Amino acid sequence: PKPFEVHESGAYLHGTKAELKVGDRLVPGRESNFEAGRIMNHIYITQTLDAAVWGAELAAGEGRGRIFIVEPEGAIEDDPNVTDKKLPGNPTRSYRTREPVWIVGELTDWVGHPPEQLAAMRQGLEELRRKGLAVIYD
Ligand SMILES: CO[C@H]1/C=C/O[C@@]2(C)Oc3c(C)c(O)c4c(O)c(c(/C=N/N5CCN(C)CC5)c(O)c4c3C2=O)NC(=O)/C(C)=C\C=C\[C@H](C)[C@H](O)[C@@H](C)[C@@H](O)[C@@H](C)[C@H](OC(C)=O)[C@@H]1C
């Protein structure tokens, strides 16, 4: 995938290693993928495939990444972890919602980041943790 490229569909995507199926309704309050033990207030979704693939790859869990197309029941807002942080605005088109979402499809035709790019991201995040700089906004 290409960073900042909006998916053809305009649809909201959710990358995860959870075993979801079309027709599931997902409510907030599951555990963070980035800070063990943290109970989440939001569901995180995106309109770029690149951000969804990172969500699938970086999600906690055994088993492979999945990307779902989802329909929010309620309001969505910019995800502050990636908005006005490294870049101005929200170029990854990443959002979050306090209300449930429905799983309406599964994206089957994606490929992951090349392995050294995924390893660099993983290593970078462990480093931020080791330095106490991995602040999670939620
Ligand atoms: C869609 O976002 C993805 C890719 C964007 O593509 C791309 C090109 O545009 C980015 C934007 C616009 C950012 O604002 C950004 C950012 O703020 C950030 C890191 C992190 N960089 N490092 C980690 C590895 N590394 C390169 C060295 C340091 C980034 O790489 C990016 C970044 C990119 O890479 N944040 C930090 O540095 C700091 C200080 C803290 C991070 C804290 C928590 C832990 C994270 O926020 C968690 C909650 C997730 O939100 C991220 C892991 C995102 O994963 C998902 C699934 O969302 C990932 C950024």
# chains A, B, ... in the order shown; residues from 1 in each chain; ligands from 1
>>> residues_near_ligand(ligand="ligand 1", cutoff="6 Å", atoms="only C-alpha atoms and all ligand atoms", output="ChimeraX atom specification")
/A:3,34,51,54-55,58,81-83,85-87,92,121,124-125,133-136
>>> select_by_dssp(residues="stretch 8-129 of chain A", states="strand (DSSP E or B)", output="PyMOL selection string")
chain A and resi 12-16+25-26+31+39+43-46+48+66-72+76-78+94-97+101-107
>>> write_last_selection(atoms="N, CA, C and O atoms", output="tab-separated table (two decimals), in the first residue's frame")
chain	number	residue	atom	x	y	z
A	12	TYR	N	-14.84	2.84	5.34
A	12	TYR	CA	-14.00	2.74	6.58
A	12	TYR	C	-13.48	1.33	6.75
A	12	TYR	O	-14.23	0.34	6.54
A	13	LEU	N	-12.19	1.24	7.08
A	13	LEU	CA	-11.49	-0.04	7.25
A	13	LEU	C	-11.02	-0.18	8.68
A	13	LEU	O	-10.68	0.85	9.35
A	14	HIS	N	-10.95	-1.42	9.14
A	14	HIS	CA	-10.49	-1.70	10.50
A	14	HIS	C	-9.53	-2.91	10.40
A	14	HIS	O	-9.96	-4.00	10.02
A	15	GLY	N	-8.25	-2.70	10.73
A	15	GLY	CA	-7.31	-3.80	10.72
A	15	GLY	C	-7.14	-4.35	12.13
A	15	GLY	O	-7.11	-3.62	13.12
A	16	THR	N	-7.08	-5.68	12.23
A	16	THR	CA	-7.09	-6.35	13.52
A	16	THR	C	-6.63	-7.80	13.36
A	16	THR	O	-6.53	-8.28	12.23
A	25	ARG	N	-21.34	-7.07	15.27
A	25	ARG	CA	-21.35	-5.70	15.79
A	25	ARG	C	-20.30	-5.68	16.89
A	25	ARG	O	-20.27	-6.57	17.78
A	26	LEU	N	-19.40	-4.70	16.80
A	26	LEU	CA	-18.25	-4.56	17.71
A	26	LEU	C	-18.41	-3.31	18.55
A	26	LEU	O	-18.53	-2.21	17.97
A	31	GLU	N	-9.04	-4.50	24.80
A	31	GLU	CA	-7.70	-4.10	25.24
A	31	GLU	C	-6.90	-3.41	24.11
A	31	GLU	O	-7.02	-3.73	22.93
A	39	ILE	N	-7.79	-0.49	28.85
A	39	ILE	CA	-9.15	-0.65	28.28
A	39	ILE	C	-9.49	0.57	27.43
A	39	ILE	O	-9.35	1.73	27.84
A	43	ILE	N	-13.15	2.70	19.12
A	43	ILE	CA	-12.76	1.84	17.99
A	43	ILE	C	-12.06	2.70	16.97
A	43	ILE	O	-12.51	3.83	16.72
A	44	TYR	N	-10.96	2.14	16.40
A	44	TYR	CA	-10.10	2.91	15.50
A	44	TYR	C	-10.32	2.39	14.09
A	44	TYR	O	-10.29	1.16	13.83
A	45	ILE	N	-10.57	3.31	13.16
A	45	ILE	CA	-10.87	2.96	11.76
A	45	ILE	C	-10.14	3.92	10.85
A	45	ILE	O	-9.64	4.97	11.30
A	46	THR	N	-10.06	3.63	9.54
A	46	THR	CA	-9.29	4.52	8.65
A	46	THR	C	-9.87	4.45	7.24
A	46	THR	O	-10.48	3.41	6.86
A	48	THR	N	-7.55	4.98	4.69
A	48	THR	CA	-6.42	4.56	3.83
A	48	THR	C	-6.08	3.12	4.04
A	48	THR	O	-5.98	2.62	5.17
A	66	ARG	N	-6.15	-9.22	9.62
A	66	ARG	CA	-7.41	-9.16	8.87
A	66	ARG	C	-7.73	-7.67	8.67
A	66	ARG	O	-7.45	-6.86	9.56
A	67	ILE	N	-8.36	-7.33	7.54
A	67	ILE	CA	-8.86	-5.95	7.33
A	67	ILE	C	-10.35	-6.06	7.02
A	67	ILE	O	-10.75	-6.78	6.10
A	68	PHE	N	-11.17	-5.40	7.86
A	68	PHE	CA	-12.63	-5.42	7.68
A	68	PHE	C	-13.13	-4.09	7.18
A	68	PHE	O	-12.58	-3.04	7.50
A	69	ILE	N	-14.19	-4.09	6.39
A	69	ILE	CA	-14.83	-2.85	6.05
A	69	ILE	C	-15.99	-2.73	7.01
A	69	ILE	O	-16.76	-3.69	7.18
A	70	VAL	N	-16.08	-1.57	7.65
A	70	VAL	CA	-17.00	-1.39	8.78
A	70	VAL	C	-17.86	-0.17	8.62
A	70	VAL	O	-17.49	0.78	7.89
A	71	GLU	N	-19.01	-0.18	9.29
A	71	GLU	CA	-19.96	0.96	9.23
A	71	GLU	C	-20.22	1.45	10.67
A	71	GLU	O	-20.76	0.72	11.49
A	72	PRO	N	-19.74	2.66	11.01
A	72	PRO	CA	-19.95	3.19	12.38
A	72	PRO	C	-21.41	3.49	12.63
A	72	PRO	O	-22.08	4.08	11.70
A	76	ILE	N	-17.73	10.04	14.31
A	76	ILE	CA	-16.31	9.75	14.26
A	76	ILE	C	-15.51	11.05	14.30
A	76	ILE	O	-16.01	12.15	13.99
A	77	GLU	N	-14.28	10.93	14.79
A	77	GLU	CA	-13.42	12.09	14.96
A	77	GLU	C	-12.01	11.73	14.57
A	77	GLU	O	-11.64	10.55	14.53
A	78	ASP	N	-11.16	12.73	14.28
A	78	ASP	CA	-9.79	12.42	13.95
A	78	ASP	C	-9.14	11.64	15.06
A	78	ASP	O	-9.39	11.89	16.25
A	94	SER	N	-7.16	8.63	9.55
A	94	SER	CA	-7.41	7.74	10.66
A	94	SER	C	-8.38	8.38	11.61
A	94	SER	O	-8.22	9.54	11.96
A	95	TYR	N	-9.38	7.64	12.05
A	95	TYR	CA	-10.45	8.18	12.90
A	95	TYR	C	-10.72	7.26	14.09
A	95	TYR	O	-10.23	6.10	14.17
A	96	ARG	N	-11.55	7.77	15.00
A	96	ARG	CA	-11.94	6.93	16.12
A	96	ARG	C	-13.38	7.25	16.49
A	96	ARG	O	-13.89	8.33	16.12
A	97	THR	N	-14.04	6.29	17.11
A	97	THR	CA	-15.43	6.45	17.48
A	97	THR	C	-15.69	5.86	18.86
A	97	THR	O	-15.13	4.78	19.20
A	101	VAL	N	-19.42	-0.36	15.88
A	101	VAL	CA	-19.37	-0.43	14.45
A	101	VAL	C	-19.86	-1.81	14.01
A	101	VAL	O	-19.77	-2.82	14.76
A	102	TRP	N	-20.34	-1.87	12.76
A	102	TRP	CA	-20.78	-3.13	12.16
A	102	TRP	C	-19.74	-3.61	11.17
A	102	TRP	O	-19.22	-2.79	10.39
A	103	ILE	N	-19.54	-4.94	11.13
A	103	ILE	CA	-18.64	-5.48	10.11
A	103	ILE	C	-19.46	-5.81	8.88
A	103	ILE	O	-20.35	-6.66	8.93
A	104	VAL	N	-19.15	-5.16	7.78
A	104	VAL	CA	-19.99	-5.32	6.58
A	104	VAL	C	-19.27	-5.98	5.43
A	104	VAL	O	-19.87	-6.23	4.37
A	105	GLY	N	-17.96	-6.19	5.57
A	105	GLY	CA	-17.17	-6.86	4.52
A	105	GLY	C	-15.77	-7.18	5.04
A	105	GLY	O	-15.36	-6.73	6.11
A	106	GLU	N	-15.06	-8.06	4.33
A	106	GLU	CA	-13.65	-8.33	4.64
A	106	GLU	C	-12.85	-8.10	3.39
A	106	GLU	O	-13.23	-8.59	2.33
A	107	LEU	N	-11.74	-7.34	3.50
A	107	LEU	CA	-10.85	-7.09	2.37
A	107	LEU	C	-9.86	-8.17	2.36
A	107	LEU	O	-9.08	-8.35	3.31
>>> closest_residue(among="A:110, A:131, A:122, A:1", to="residue A:50", atoms="only C-alpha atoms")
A:1
>>> residues_around(residues="residue A:18", least_positions_apart="5", cutoff="10 Å", atoms="only C-alpha atoms", output="VMD selection string")
chain A and resid 56 59 to 67
>>> closest_residue(among="A:36, A:75, A:89, A:29", to="residue A:4", atoms="only C-alpha atoms")
A:89
>>> select_by_dssp(residues="chain A", states="helix (DSSP H, G or I)", output="PDB file with C-alpha atoms, in the first residue's frame")
ATOM      1  CA  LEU A  49      -5.423   1.008   3.065  1.00  0.00           C
ATOM      2  CA  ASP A  50      -1.865   1.706   4.266  1.00  0.00           C
ATOM      3  CA  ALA A  51      -3.118   2.624   7.796  1.00  0.00           C
ATOM      4  CA  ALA A  52      -5.455  -0.446   7.837  1.00  0.00           C
ATOM      5  CA  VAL A  53      -2.584  -2.757   6.889  1.00  0.00           C
ATOM      6  CA  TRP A  54      -0.505  -1.306   9.739  1.00  0.00           C
ATOM      7  CA  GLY A  55      -3.506  -1.889  12.033  1.00  0.00           C
ATOM      8  CA  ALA A  56      -3.700  -5.577  10.993  1.00  0.00           C
ATOM      9  CA  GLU A  57       0.066  -6.094  11.289  1.00  0.00           C
ATOM     10  CA  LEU A  58       0.602  -4.271  14.583  1.00  0.00           C
ATOM     11  CA  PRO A  80      -5.184  12.314  17.716  1.00  0.00           C
ATOM     12  CA  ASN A  81      -2.325   9.785  17.726  1.00  0.00           C
ATOM     13  CA  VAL A  82      -1.706  10.548  14.051  1.00  0.00           C
ATOM     14  CA  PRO A 115       9.243  -7.525   6.211  1.00  0.00           C
ATOM     15  CA  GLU A 116      12.084  -5.109   6.928  1.00  0.00           C
ATOM     16  CA  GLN A 117       9.616  -2.155   7.017  1.00  0.00           C
ATOM     17  CA  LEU A 118       7.312  -3.990   9.454  1.00  0.00           C
ATOM     18  CA  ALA A 119      10.405  -4.961  11.563  1.00  0.00           C
ATOM     19  CA  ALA A 120      11.577  -1.324  11.613  1.00  0.00           C
ATOM     20  CA  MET A 121       8.186  -0.124  12.818  1.00  0.00           C
ATOM     21  CA  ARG A 122       8.006  -2.829  15.517  1.00  0.00           C
ATOM     22  CA  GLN A 123      11.543  -2.121  16.710  1.00  0.00           C
ATOM     23  CA  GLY A 124      10.758   1.706  16.692  1.00  0.00           C
ATOM     24  CA  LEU A 125       7.751   1.161  18.885  1.00  0.00           C
ATOM     25  CA  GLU A 126       9.612  -1.022  21.407  1.00  0.00           C
ATOM     26  CA  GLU A 127      12.246   1.720  21.497  1.00  0.00           C
ATOM     27  CA  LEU A 128       9.675   4.462  22.192  1.00  0.00           C
ATOM     28  CA  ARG A 129       8.406   2.258  25.014  1.00  0.00           C
ATOM     29  CA  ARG A 130      11.809   1.621  26.456  1.00  0.00           C
TER      30      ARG A 130
END
>>> atom_distance(atom1="atom CA of residue A:112", atom2="atom CA of residue A:17")
13.5 Å
>>> atom_distance(atom1="atom CA of residue A:38", atom2="atom CA of residue A:137")
10.9 Å
